[PDB]
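**Student:** Just dropping this structure here.
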Amino acid sequence: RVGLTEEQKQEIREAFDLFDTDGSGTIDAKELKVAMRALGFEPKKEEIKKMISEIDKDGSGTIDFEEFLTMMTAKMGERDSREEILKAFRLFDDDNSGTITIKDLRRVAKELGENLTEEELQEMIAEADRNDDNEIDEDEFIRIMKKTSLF
Amino acid sequence: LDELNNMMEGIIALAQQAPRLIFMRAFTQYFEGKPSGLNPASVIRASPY
Amino acid sequence: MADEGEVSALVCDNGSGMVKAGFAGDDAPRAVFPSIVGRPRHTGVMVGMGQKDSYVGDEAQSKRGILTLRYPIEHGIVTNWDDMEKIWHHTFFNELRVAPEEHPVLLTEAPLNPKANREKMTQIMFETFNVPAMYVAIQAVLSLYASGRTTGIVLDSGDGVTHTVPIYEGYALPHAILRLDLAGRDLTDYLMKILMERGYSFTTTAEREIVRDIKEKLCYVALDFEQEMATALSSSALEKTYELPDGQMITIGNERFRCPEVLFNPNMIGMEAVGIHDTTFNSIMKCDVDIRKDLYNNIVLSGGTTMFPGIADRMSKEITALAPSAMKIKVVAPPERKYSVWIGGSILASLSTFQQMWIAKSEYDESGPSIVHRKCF
Amino acid sequence: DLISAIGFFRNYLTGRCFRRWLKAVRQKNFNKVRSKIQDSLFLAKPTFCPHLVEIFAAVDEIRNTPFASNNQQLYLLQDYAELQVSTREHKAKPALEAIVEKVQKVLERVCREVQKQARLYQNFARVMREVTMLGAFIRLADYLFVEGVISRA
C-alpha cells in the first residue's frame, strides 16, 4: 500500500491532465495503457480491462481522476513483476554496468525527491552486498529484490 | 526543641537500623562482602530539604 | 506489543514542544506533532475557521497566529491535563485515528514528575477513552532504550525540558536526577532576542519557527567559548549572514554559537541554573561514587534540543573539566537524538516478555490511578 | 512523449524497489538494536520480570509508615514523648521486619530457582547469565528499597 505524497500527487494530477484539453476529462483505457507504457510495464489488454473494471465504482470505463488515482494507488501497493523489475534495474544503473556504488545509491535516492545520508549508503552496501565492493551487480540486486519482495 | 530532636531522631533511627539485605547470611556471599551504594540516613541528611 | 498477536502499544513521546505518538515496531512515530494545545481565540471572529474544543499538533499550528496556543507541557512538567484528553482525543481519532481501546497506551514522562501528574493521566485515560491496558514510561529511560543502553546517565532535552538522569543497572535514581528547564526553547528565545541586535525583524510566531529551524541547523555549540569570542570579534568569518527566501537577510556574529553555548554558560541570558554539563556533573555525584565510573562514561544526548551540530566535543570536555580525569566520559549523540524517546518506547513496547507488565482495565477500576505505583520502577 | 520523462514515472519502480531495500535495512537495524538492548534488561528475562512486578506491588508498604505521631495533638513534654515514641516504633518496626522478611524470601526463591536449575544443567546461556546477575538484581532491589525508605523519612 503505497501512499501518495505531495510530490507524487502533483505529478499524477498533471499526468491525468496531460490527456484531455478538449474538455472530456474522462481519460480512457488506451490512455492508461500509455501511462504504464511510460511506466515501462508489460502492458497487455488483460491488465487494462481487469483493473479498470474492478476500479470502476459504477462501470464508467472513461475513468475520471478519482477512480484513476484510486486504481494507481492500488497498483503501486500491489506486487511488482519481473520484466519491469529488470527494466527498472537498467533504469537504476547510470551506466548500465549492472552495479550500484555508494554514490550511485545516493543519486538513486535523490532521483525520487528523497535526499539521504552516507551512513544509509554504507549500511545498504554492507547488508545487500557479498564483498562490500560498492558494486551491486546483477545477482546481489536480484537477491535484495527477493528479500524486499518477500514482505 | 530537644523533644522534637528526640522524635526526629526516632524517625531517622528507625529508618536507619532496619536489617539491611546486604547484611544477611544469604546475600553477602553473592557479592564480595559489603557492596557500595547508598545509606538511608546518609541520603536522608544529604537531601538538604 | 508491536505486532497484532498482542496489540501494539500506543507509543507517545510526550515532549515539551513536540509530541511523537505512534506504534511499537515502527521507527518513525505515526503522529508527530508539537506539544502545544491550540484553542479557539474567539467564537464570533473565526466563523468558518473550524471552531473545536482544541486544535492539536499541526492542527494547533493550522491557525498558528489566531489561536490561544495553550501549552500543556512546559519544560517537561505538564501544566494541564484537560489538554492531554484533548491531545488524546485528537490523537486516537484525528492523528492515529484508531480507537484507543484497540491498543495499550505508552506515554513518556519527564523525570522528577509528581505523583498526581501520572495518576491524572490514568484517571482521565480510562474514563474517557477506556483503554483495557497501558503503561507510562520515562522520557530519559526510553532515550537510553533507543541508544541500546540500560545503565548510565541520559541527557534528554526537548524544547524546554532537560533532565540529567543517571541510571544504574536499569534504575534511574530520583535522588540523583537533576531537573533543568534550560533547553532549546530558551536558546531559541535568546536567538529570537539577539536578532534584534543586528536590526532584523523577529517578533511573530512565524518568525519563532524560522529561527527555531535556523538554530537546529546553524547554531553549533562553542567548544571553548573564549576563542569564539576572539574569532568572531577579530574576524567576520563567524559574523555570518544567512539568507531567508521571505526577504530578510539576517546577520549573526558571535550570535551563532552564543545561542547554544547557554547549555554551558547559562549566565549570558541571565539564567543562574547550572548548565547541562554542570547539571550532569552534579547529578551523577549524587549517586554512589563507584557507579559514577560508567555513569559519566555513558552520556547519551536526546530530545529536540539535541539537534545541535558540534555538541559532543563540548559535552565531553566540559564534563572532563568537571568529572575526574581518570574517570571516563562517554558522550554519545546518535542521529536518533530527537526520536530516541519514541524509538526506545517502541523498542521497549516491542519486547515479547513486556506483554504482562501492562495494567489491566479492571486493575485501575479497583485500585484507582495509583495502580501505576504497583507497576512502576 | 509528454509523459515519458515525468519524474515519478521515471522513478516508479526505481523508487519503489529501492525504498523496499531501504525499509528492509531500517527494519533490520531496528531489530538488531532492539535485540542487543533486550539482552540488557531485567524485563526480558522471565525469571526476573514477574517477581520484579511482585516486588513493585509489595514495596508499597514503605509509603504507609509514619515514623512519628504526625499530629498536632495537645501533648505535654512527656505526653509528646510517649505518643511520639509509640508512633515512632510500635507502628513502624513491624513494617521494617515484614518488608525485610518478604524481600529476603523473594530473593531467596529467585536465587534457589536459578542455582538449582544450574545444578540440574540456547536457554543454557540465559540461565547461566541469570545466575551471574543474581547479585546485580539483589543490589538494585536493595537500592530501590533504601531510596523508598529515605523518601519516607
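From first to last, the protein sequence lines are chains R, U, G and E. Residues in the first sequence are numbered from 204 upward in steps of one, following my numbering. Residues in the second sequence are numbered from 213 upward in steps of one, following my numbering. Residues in the third sequence are numbered from 173 upward in steps of one, following my numbering. Residues in the fourth sequence are numbered from 4 upward in steps of one, following my numbering. Think of the CB as a built atom: it goes at the ideal place given N, C-alpha and C, for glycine as much as any other residue.
#1: Against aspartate 462 of chain G, what residues of chain U qualify as contacts under a CB-to-CB distance less than 7 Å, listed in chain order?
#2: Mind checking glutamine 125 of chain E: buried by the 16 CB within 10 Å criterion, or exposed?
#3: Of all the options G/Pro346, G/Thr423 and G/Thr492, which has the alpha carbon lying nearest to the alpha carbon of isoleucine 501 of chain G?
#4: Would you call the CB atoms of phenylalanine 298 of chain G and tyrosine 511 of chain G closer than 7 Å?
#5: Give, in chain order, every residue of the region 4–20 of chain E whose Cβ lies closer than 8 Å to some Cβ of chain R.
#6: Rounded to whole angstroms, how far is the Cβ of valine 311 of chain R from the Cβ of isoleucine 303 of chain R, which I believe are closer than 8 Å?
#7: If I follow the unbroken alpha helix (DSSP H) through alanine 232 of chain R, where does it start and stop?
#8: Please name the residue, chosen from G/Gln295, G/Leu467 and G/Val446, that lies closest to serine 534 of chain G on a Cα-to-Cα basis.
#9: Is it buried or exposed for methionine 306 of chain G, if we count other Cβ within 10 angstroms and need 16 for buried?
#10: With 8 Å as the limit, tell me which residues of the region 234–261 of chain U have their beta carbon closer than that to any beta carbon of chain G; keep them in chain order.
#11: What are the start and end residues of the beta strand (DSSP E) that includes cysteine 184 of chain G?
#12: May I have the straight-line CA-CA distance separating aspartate 396 of chain G from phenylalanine 549 of chain G, to the nearest angstrom?
#13: Measure the CB-CB distance between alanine 331 of chain R and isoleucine 345 of chain R and report whether it falls below 7 Å.
#14: In chain R, which residues lie with their C-beta within 8 Å of the C-beta of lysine 48 of chain E?
#15: Can at least three beta-carbon pairs, one atom from the region 480–496 of chain G and one from the region 281–296 of chain G, be found at a separation below 8 Å?
#16: For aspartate 63 of chain E, count the other beta carbons within 10 Å of its own beta carbon; 16 or more makes it buried, fewer makes it exposed. Which is it?
#17: So which of G/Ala181, G/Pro206 and G/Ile245 has the shortest CA-CA distance to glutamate 231 of chain G?
#18: Whole angstroms are fine: how far does the CA of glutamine 213 of chain R sit from the CA of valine 446 of chain G?
#19: Measure the C-alpha to C-alpha separation of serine 542 of chain G and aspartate 418 of chain G and round it to an integer number of angstroms.
#20: Distance check for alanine 232 of chain R and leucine 272 of chain R, CA to CA, integer angstroms please.
#21: Using a Cβ-Cβ cut-off of 7 Å, state whether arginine 23 of chain E counts as contacting chain R.
#22: With a cut-off of 7 Å, does the C-beta of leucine 315 of chain R fall near any C-beta of chain E?
#23: Would you please verify whether the beta carbon of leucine 213 of chain U is less than 7 Å from any beta carbon of chain E?
#24: Within 10 Å of its beta-carbon, does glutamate 245 of chain R have 16 or more other beta-carbons around it, so buried, or fewer, so exposed?
#25: According to the neighbour-count rule (16 or more other Cβ atoms, all chains shown, within 10 Å of its Cβ), is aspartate 307 of chain R buried or exposed?
#26: What are the start and end residues of the beta strand (DSSP E) that includes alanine 203 of chain G?
#27: Less than 8 Å between the CB atoms is what I'm expecting for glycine 332 of chain G and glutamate 246 of chain G, so what's the real figure, rounded?
#28: So which residues on chain G does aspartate 42 of chain E lean against when the C-beta distance must stay under 9 Å?
#29: Is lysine 35 of chain E helix, strand or coil by DSSP?
#30: Please report whether the beta-carbon of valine 36 of chain E lies at a distance below 7 Å from any beta-carbon of chain R.
#31: Name the chain R residues whose beta carbon is nearer than 8 Å to that of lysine 31 of chain E?
#32: Run the CB neighbour count on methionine 173 of chain G, radius 10 Å, all protein chains shown included, and call it buried at 16 or more, exposed below.
#33: Please tell me whether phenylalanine 295 of chain R has its Cβ less than 7 Å away from any Cβ of chain E.
#34: Does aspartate 145 of chain E get closer than 7 Å to chain U when you measure Cβ to Cβ?
#35: Taking only beta-carbon positions, decide if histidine 214 of chain G is within less than 7 Å of chain U.
#36: Where does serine 226 of chain G land, buried or exposed, given buried means 16+ other C-beta within 10 angstroms?
**Tutor:** According to the data block:
#1: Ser248
#2: exposed
#3: G/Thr492
#4: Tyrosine 511 of chain G sits away from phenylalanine 298 of chain G, with the two beta carbons spaced by 7 Å or more.
#5: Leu5, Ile6, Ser7, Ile9, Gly10, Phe11, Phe12, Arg13, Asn14, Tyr15, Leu16, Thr17, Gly18, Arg19 and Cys20
#6: For a cut-off of 8 Å, the C-beta gap from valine 311 of chain R to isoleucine 303 of chain R is around 7 Å, short enough to register as a contact.
#7: 232–242
#8: G/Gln295
#9: With 16 or more other Cβ atoms inside 10 Å of its own Cβ, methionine 306 of chain G counts as buried.
#10: Answer set for the region 234–261 of chain U: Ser248, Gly249, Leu250, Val255, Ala258 and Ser259.
#11: 182–186
#12: 39 Å
#13: no
#14: Within 8 Å Cβ-Cβ: nothing; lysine 48 of chain E doesn't reach chain R, min ~30 Å.
#15: no
#16: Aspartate 63 of chain E counts as exposed, since fewer than 16 other C-beta atoms from the protein chains shown sit within 10 angstroms of its C-beta.
#17: The residue with the shortest Cα to Cα distance from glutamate 231 of chain G is G/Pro206.
#18: For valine 446 of chain G and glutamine 213 of chain R, the distance between alpha carbons rounds to 51 Å.
#19: 52 Å
#20: 14 Å
#21: yes
#22: yes
#23: no
#24: In summary, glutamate 245 of chain R is exposed, with fewer than 16 beta-carbon neighbours lying within 10 Å of its beta-carbon over all protein chains present.
#25: buried
#26: 203–205
#27: 6 Å
#28: Within 9 Å Cβ-Cβ: nothing; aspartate 42 of chain E doesn't reach chain G, min ~10 Å.
#29: helix
#30: no
#31: Within chain R, the residues near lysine 31 of chain E are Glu330.
#32: buried
#33: yes
#34: yes
#35: no
#36: buried
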